[PDB]
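The chain below stands alone and is given as structure tokens, in the form deposited in one PDB entry.
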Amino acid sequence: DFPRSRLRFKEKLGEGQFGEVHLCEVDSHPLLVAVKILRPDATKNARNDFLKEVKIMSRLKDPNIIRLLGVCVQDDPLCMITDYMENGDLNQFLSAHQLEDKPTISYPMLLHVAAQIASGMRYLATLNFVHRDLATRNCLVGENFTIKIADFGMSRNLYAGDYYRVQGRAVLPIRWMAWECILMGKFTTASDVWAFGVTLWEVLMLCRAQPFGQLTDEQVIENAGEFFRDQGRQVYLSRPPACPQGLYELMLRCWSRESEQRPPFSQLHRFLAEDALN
């Protein structure tokens, strides 16, 4: 439940939220899994966190969401078992690739990467599961360009500049957050839509520039205030080179001031799986 002695620890994949991730083998030999083990200096608070993350992840059962295939909690040290995504982090995976002239990635593949995120996000919406932190950095690539949405938290020093940090406040992925999250702390499905819009811009940017990169933290926060004000002073992410106008129009709708005028993930999937092909 699941037998801990069946796990064979092979490499360190990265750090992790409450300890390290290991690539493991299961003889059931190279049936590969990822194993997150609770750090050995891990405080009572991190253990609680780890156990909650276990419960949250047990809910998530979709091809395009990370799967908890197993757990080793019933004895110390605490362990979490997921699929292994061989290409790792989607932001770092895309960062290497260049758009196909006329590692490469083509435009229809960028659509397929996006549609897999639209599908997994559609799944979460049916659970009324609010992600709160959709971005390429929380996505994993397992090939054949198979995308799993995950959540690595907000503490890793690689993506430090992606979060806005105030002493004693919640850590805020502001460049991905809908105006109403920024001003009110209101995370919904509709704000997940907004972040998908930004994630979709990231994919189409091949993860080569930060959303509102040339703007400061403050400026992103006051841009949210420009959305509330509704005076036509709100500034949007520009069209990525790899992005047509038809598709960019869909990114824009994602950032509609009115949450209910943002497209449901069902429509974002229909667009990226069907309409973006024509």
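Residue indices: 1-based, along the sequence shown. We call the rigid core the largest set of C-alpha positions that still match within 1.5 Å between the two forms.
Gap check for residue 231 to residue 232: zero deposited residues are absent from the model.
Going from residue 102 to residue 103, the model skips 10 or more deposited residues, which lack coordinates. Higher mean CA temperature factor between 144-152 and 131-139: 144-152, per the PDB entry.
Per-stretch averaging of Cα B factors for 261-269 and 16-24 places 16-24 on top. Taking only the listed residues 29, 239, 52, 36, the entry reports the highest CA temperature factor at 29. Of the candidates 112, 97, 169, 122, the one whose C-alpha carries the top B factor in the deposited record is 97. For residue 92, the recorded CA B-factor ranks within the middle third of the chain. Only modelled residues enter the ranking. Per-chain ranking of the deposited C-alpha B factor places residue 226 in the highest third.
Sorting the modelled residues of the chain by their CA temperature factor places residue 41 in the highest third. Among the modelled residues of the chain, residue 185 sits in the highest third by CA temperature factor in this PDB entry.
The entry lists a Cα temperature factor for residue 77 that places it in the highest third of the chain's modelled residues.
There is another form of this protein, the form deposited in another entry, and it is not shown here; the text below is about that form.
Note: rigid core superposed between the shown form and the other one; among 170, 96, 160, 127, the CA shift is 2 Å or more only at 170. Residue 17: CA moves 2 Å or more between the shown form and the other one after rigid-core fitting. Whereas the shown form places them at one spacing, the Cα atoms of residue 169 and residue 262 lie at least 3 Å farther apart in that other deposited form. Figure legend: C-alpha atoms of residue 169 and residue 183, shown here, are separated by at least 3 angstroms more in that other deposited form.
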